[PDB]
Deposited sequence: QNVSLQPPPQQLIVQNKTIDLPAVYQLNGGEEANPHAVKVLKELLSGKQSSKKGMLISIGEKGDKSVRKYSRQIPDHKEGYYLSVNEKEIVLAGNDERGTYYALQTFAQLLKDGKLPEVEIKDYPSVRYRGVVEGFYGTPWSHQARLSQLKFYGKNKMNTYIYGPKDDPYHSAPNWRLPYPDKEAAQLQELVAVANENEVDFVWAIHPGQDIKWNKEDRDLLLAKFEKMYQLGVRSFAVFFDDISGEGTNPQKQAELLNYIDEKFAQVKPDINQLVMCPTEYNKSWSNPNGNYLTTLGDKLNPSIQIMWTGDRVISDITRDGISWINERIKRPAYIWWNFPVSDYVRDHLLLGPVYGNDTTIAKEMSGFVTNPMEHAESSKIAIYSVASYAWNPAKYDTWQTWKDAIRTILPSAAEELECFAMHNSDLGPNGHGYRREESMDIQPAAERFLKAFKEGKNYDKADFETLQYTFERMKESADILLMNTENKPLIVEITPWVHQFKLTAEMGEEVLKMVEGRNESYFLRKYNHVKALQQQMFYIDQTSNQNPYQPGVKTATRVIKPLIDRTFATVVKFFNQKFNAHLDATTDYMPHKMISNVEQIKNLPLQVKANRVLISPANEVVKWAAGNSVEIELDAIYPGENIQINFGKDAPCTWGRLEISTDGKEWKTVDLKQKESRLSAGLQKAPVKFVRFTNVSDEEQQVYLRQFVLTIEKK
């Protein structure tokens, strides 16, 4: 499946062998990056003046003079033709010729080419990725891999702006990169240029910027530095800041200054972009006028970025019309998917969808903000490259499958199985969700109520769950050992481990459903409990970031199914045999008695009670740790401690209820007379 799909495609059914003897026409006047690709394809084939002609070049070249009228008159457009007599690879520009070769390479199968006529061009002018997330910035090697991936999928934009790069954001955005980083950035630009990608260096100065000559000059001096490293596209982000830096009049004036004294002075600067402080409709203030000030004052050639109606949002026709009228220009979309820096315990490997497919002319650009997991993000990036190039023929699921099969041919279905059940973000402050496990959801749904009630589940639904769990284990084990894309595996490995544990736990619970004899049920029960403890261990030792630590997987349909199925069968067992087995579904080494049902959670060196959305009102709550730990503090948000529970030692409190424990021994905590937060922090391992 050609990705992206071309605008115009006519496929006659006839296969042409890749010629052993060929005459190369226009190879010395054509895009070097395109010809190099063409010669890579033809290695063991000799070139002489006798043989099948291959015409490569840009419009205006003598080599493709014949086909100048068949070439699309769009930027980055190209004409491709294959018949039994000659091969034509003609771009409207150099980037167009390169893109003709990327399509040409996909057509090559079994050293055989189909006879085909293609006229192709992008519906959107700028298409690519913005590395603009919070978290560990992409490694150098990952970024090199990304740029080669962009070239293949006809993405012409890479905007560098990792939030946690100290030379991108505050305060060291004033300082030039050290020699080591600078050498690396210089390499990224060279590689980006070979792949026809515009490397856009973004700066994020707004937080501590002052509107004067001094900071103006340092910003321009920093841009001059990047320019010496090869950078020819630049951006200025004013997102996520407070203070004077939020001034629209001043931002416009700054960008116009950059535009007029730098971008227009240099002979070869391409893109100039800015991210406004108000980058979505929901956080746009209607009382004052920020967006219309930018629209009127900012030079038209300058791009303005937009994430949609909300921070995380799908782009609609009415939504983009809303912003465009205010900024007086077509918006440059910053789409915050599959970025997961606010749900860092989830991987987002599902399909790209929700964005309107008819609004191509209403947007100046479209870039995707990704996960800090570079390889894992290629699934979305592949799909965005497809949506961006030809939104009209954009096929959500098909492109998702093609992405997976492109990224990991040796284990496509295993990676498909894994990503099928790792797409939803789970609950979050943005309220942004994605479908997950839709294949098996109807069967999982029906099974649960049937089980919960006296009714009888359909056998088919039961076997569907068995197959799913069995297939998940296969996928997990095969992915772990896969050597085709080692960096990909390193990224997802913790989730793969948790994935397999989920599958195993599910298998054991299904065996508890049948039940048969009593001894067998207990064996499965003890096994499930041990599996809960293993999932707990991974959740506490893998991916321990400061925000959403741990590893969650299959959260939308599967984990609730297994948990609810487990809690119900244990309930029936306690009823039948008059037992008192624990129906808890998440392991918790500590205890909390008394806010009665609220489960405890461990996050790093914190032991906390799961908050609620209700209104709470000489009662007391007690938390018992599994051992004695040195206490740091106790942050309650709307007190007494002991090491044995006999001798209690009162602690004084202070919006936020602070209480230093001063490394005192802690095991029991109590609070005698709404709950936003109830955290005990203890000393770390």
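Counting from residue 1 of the deposited sequence, the stretches lacking C-alpha coordinates in this chain are 1-3, 598-601, 625-627, 649-658, 675-677, 697-704.
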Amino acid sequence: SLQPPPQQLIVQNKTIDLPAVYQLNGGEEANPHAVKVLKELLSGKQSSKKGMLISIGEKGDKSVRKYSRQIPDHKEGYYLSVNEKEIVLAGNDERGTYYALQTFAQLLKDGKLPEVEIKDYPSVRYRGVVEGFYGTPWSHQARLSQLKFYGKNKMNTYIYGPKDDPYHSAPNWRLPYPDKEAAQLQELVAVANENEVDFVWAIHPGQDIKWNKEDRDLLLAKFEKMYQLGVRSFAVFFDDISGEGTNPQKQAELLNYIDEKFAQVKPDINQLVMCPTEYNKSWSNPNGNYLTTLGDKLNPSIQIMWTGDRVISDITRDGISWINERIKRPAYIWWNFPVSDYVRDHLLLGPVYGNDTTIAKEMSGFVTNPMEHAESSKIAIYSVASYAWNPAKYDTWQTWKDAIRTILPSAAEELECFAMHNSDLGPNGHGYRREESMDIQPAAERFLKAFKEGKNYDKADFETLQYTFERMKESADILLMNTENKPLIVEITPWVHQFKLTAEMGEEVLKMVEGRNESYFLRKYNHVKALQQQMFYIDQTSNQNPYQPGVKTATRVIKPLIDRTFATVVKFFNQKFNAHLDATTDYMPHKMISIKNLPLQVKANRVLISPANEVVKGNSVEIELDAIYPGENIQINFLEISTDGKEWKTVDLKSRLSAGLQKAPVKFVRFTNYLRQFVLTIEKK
From here on, numbers count along this sequence of modelled residues.
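Just so we're on the same page, rigid core means the largest C-alpha set that superposes within 1.5 Å between forms.
With each structure aligned by its rigid core, the stretch whose Cα atoms sit farther from this model in 6 other deposited structures of this protein, between 278-286 and 247-255, is 278-286.
Among other deposited entries of this protein with both flanking residues present, none omit coordinates for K39; it is modelled throughout, well short of a third.
In at least a third of the other PDB entries of this protein that model the residues around it, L639 has no coordinates. Look at the mean CA B-factor for 675-683 and for 3-11 in the entry; the higher one is 675-683. For the two regions 350-358 and 440-448, the entry's Cα B-factors average higher over 440-448. As recorded in the PDB entry, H580 shows the highest C-alpha B-factor of the residues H140, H580, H168, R326.
In this PDB entry, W322 carries a Cα temperature factor that places it within the middle third of its chain's modelled residues.
Among the modelled residues of the chain, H430 sits in the middle third by CA temperature factor in this PDB entry. Ranked by Cα temperature factor within the chain, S610 sits in the highest third according to the deposited record. Ranked against the other modelled residues of its chain, the C-alpha B-factor of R405 as given in the entry falls in the middle third.
For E413, the recorded CA B-factor ranks within the middle third of the chain. Only modelled residues enter the ranking.
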